[PDB]
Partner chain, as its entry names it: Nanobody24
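A single chain, nothing else alongside it, follows as structure tokens in the form solved without the partner chain.
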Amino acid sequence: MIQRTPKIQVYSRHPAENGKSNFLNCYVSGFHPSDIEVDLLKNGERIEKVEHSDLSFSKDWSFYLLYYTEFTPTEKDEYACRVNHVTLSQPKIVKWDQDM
């Protein structure tokens, strides 16, 4: 068996074809086993609607998740990723830095 803790990155992107659109992204990478729970949060509450969730693997024992959706941030709001995995004894919460 092998188990690997995911790396978690949270960041925002505008598609170059429509620069007015802003997306909040969470790249959850290099994890094993594949079983996992991943949420975006706004001021601590779960965002129910996330339009994209794209899973892949490299080696048979290494998975990658891109989880992202359109959003309209303000300076007041705090956004975060919340990840549960068997390698994590407590849910891991990674805050979005608004400059990223």
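Numbering follows the first chain given and starts at 1.
- The PDB entry reports B-factors from which the mean C-alpha value can be compared for 47-55 and 34-42; the larger average falls on 47-55.
- Two stretches are in play, 18-26 and 86-94, and the higher mean C-alpha B-factor belongs to 18-26.
- Among the modelled residues of its chain, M1 has a C-alpha B-factor that falls in the middle third according to the deposited record.
- Ranked against the other modelled residues of its chain, the C-alpha B-factor of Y67 as given in the entry falls in the middle third.
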